[PDB]
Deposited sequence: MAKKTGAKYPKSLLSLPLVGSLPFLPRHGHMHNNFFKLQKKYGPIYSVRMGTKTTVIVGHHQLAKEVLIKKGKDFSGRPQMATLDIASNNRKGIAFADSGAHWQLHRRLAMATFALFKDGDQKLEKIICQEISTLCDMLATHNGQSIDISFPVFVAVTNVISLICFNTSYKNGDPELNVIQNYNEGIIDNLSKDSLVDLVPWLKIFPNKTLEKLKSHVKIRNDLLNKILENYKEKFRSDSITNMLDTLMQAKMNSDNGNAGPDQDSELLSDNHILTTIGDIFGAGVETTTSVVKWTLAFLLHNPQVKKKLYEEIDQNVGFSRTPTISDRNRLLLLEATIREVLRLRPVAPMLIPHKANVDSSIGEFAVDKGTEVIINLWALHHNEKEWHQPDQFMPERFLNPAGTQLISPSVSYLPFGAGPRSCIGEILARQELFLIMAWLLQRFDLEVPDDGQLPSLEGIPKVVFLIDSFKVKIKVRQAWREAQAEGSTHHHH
């Protein structure tokens, strides 16, 4: 007897468990870095913080490419924009101009905190009308963060009830659903093996997004003034005006805006939902957050960015959400721009390189009870200082492809949660259902929809 000819072998079953956890589980057997080959393409998975910092920082510019994928081509109008653009002149310029835009929001009256706090004030007024009811907070949050990013991109915001917000919500959901079935990392290219309409559906969602962004962009050509640079579109059109010209085509500007607009809405809304869900599961933590805000902010005023110096448990809670349920548990796929190496192992040019951030955030040697939600791990024993308990922590990535929206994200998350906790009791709905914390890996790590009972806090009422 003889062993069977083997035509293919994969180390775990496809579509069974979360990909980021399956890869992590493999490290027990093969170590923290290993490879898989599908047809002619090789993918390397990295699951230890030293190798990841080599890829992202030390040799960051060797591994700053993006792999090409059929779905990503459609969302990115063929690898324009930032997030899905390959390393190259177009990416570098648009990333730099996007980053420079955030500097226009450093100080003054258009300061970032002021834009955020005004949209949070409307959100809170809206939620307060639901006093005593159980609601899904997704859309009210989505609206506030959509208005924040719309103001950053264009200096415009949507009035309550504007049907465009429902149009955007609809295509956002459709693009996320069709961009990947689970994570962006897939061992088997199912799209190309069996007949399906995934690409056709994605194109129809992206066409609506593109048509909407095209209308704004064209209408803005009439408003743009060399003498007034106050938002992201101004910044891009100024660079075009002073132009390289080919790298700032209308389609290039549109896709970069769509990347910022899309990232500014989906990332922040998801993290807010996760934070509320963990707090419904951990009432002891929620109780201490009320005490911390009642003692440090009170009700004389609304929370401010400066309050990050005092609401330490709230900052730790957010840090712990981003550790336990990272927005991007495998970042976005990287690619070797040149022949290089990771941990002394050769990596050819063109190899896809995946950083398993989940593995970094759940490494047993780097963290105590990594499966557990414990905001106190980011505080000292007294609870008087924030600490960095581990170097194996990279929620925003690092190096050339690191998140450019980090400052916005941290301010939005902190302010939304501080305003909500000052004003609202947030409780399990009356049928006793808790949110599932298992999550749904998509291009972003989403949580299942859930309801929360909302009540205006008595302490707030008494104080008015």
Checklist entry - In sequence order, which deposited residues have no C-alpha? => result 1-12, 256-264, 486-494
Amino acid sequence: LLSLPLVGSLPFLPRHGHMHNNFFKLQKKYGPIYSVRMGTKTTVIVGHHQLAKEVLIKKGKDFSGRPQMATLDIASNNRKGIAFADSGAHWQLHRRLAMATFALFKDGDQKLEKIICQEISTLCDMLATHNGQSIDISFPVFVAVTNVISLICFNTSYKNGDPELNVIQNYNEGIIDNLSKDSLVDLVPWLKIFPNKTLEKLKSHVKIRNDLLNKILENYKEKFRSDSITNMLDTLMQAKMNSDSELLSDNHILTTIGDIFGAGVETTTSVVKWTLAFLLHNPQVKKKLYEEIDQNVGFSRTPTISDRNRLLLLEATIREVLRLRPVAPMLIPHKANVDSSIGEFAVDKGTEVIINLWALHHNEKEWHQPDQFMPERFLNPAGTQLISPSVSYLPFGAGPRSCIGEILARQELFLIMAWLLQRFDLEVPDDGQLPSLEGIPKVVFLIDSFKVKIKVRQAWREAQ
From here on, numbers count along this sequence of modelled residues.
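Between two forms, the rigid core is defined as the largest C-alpha subset superposing within 1.5 Å.
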Item to check | Stretch with greater C-alpha deviation in 7 other deposited structures of this protein, 102-110 versus 137-145 (rigid core superposition) | outcome: 102-110
Checklist outcome for this item: Between 181-189 and 315-323, the one drifting more in C-alpha RMS in 7 other deposited structures of this protein once the core is aligned is 181-189
Checklist entry - As stated in the PDB record, which stretch has the larger average Cα B-factor, 361-369 or 221-229? => result 221-229
Checklist entry - On average, are the C-alpha B-factors higher in 154-162 or in 100-108? => result 100-108
Next on the checklist: Just to confirm, going by the entry's C-alpha B-factors, which of 172, 256, 183, 71 comes out highest?
Outcome noted: 183
Checklist entry - Whose CA atom has the top B-factor in the entry, of 266, 320, 113, 211? => result 113
Item to check | residue 40 - Cα temperature factor, lowest/middle/highest third of chain | outcome: highest
Item to check | Chain third (lowest, middle, highest) by recorded CA B-factor, residue given as residue 412 | outcome: middle
Checklist entry - Of the three thirds of its chain by CA temperature factor, lowest, middle or highest, which one includes residue 443? => result middle
Checklist entry - residue 456: which third of its chain by C-alpha temperature factor? => result highest
Checklist outcome for this item: Chain-relative C-alpha B factor for residue 383 (record values, thirds): the highest
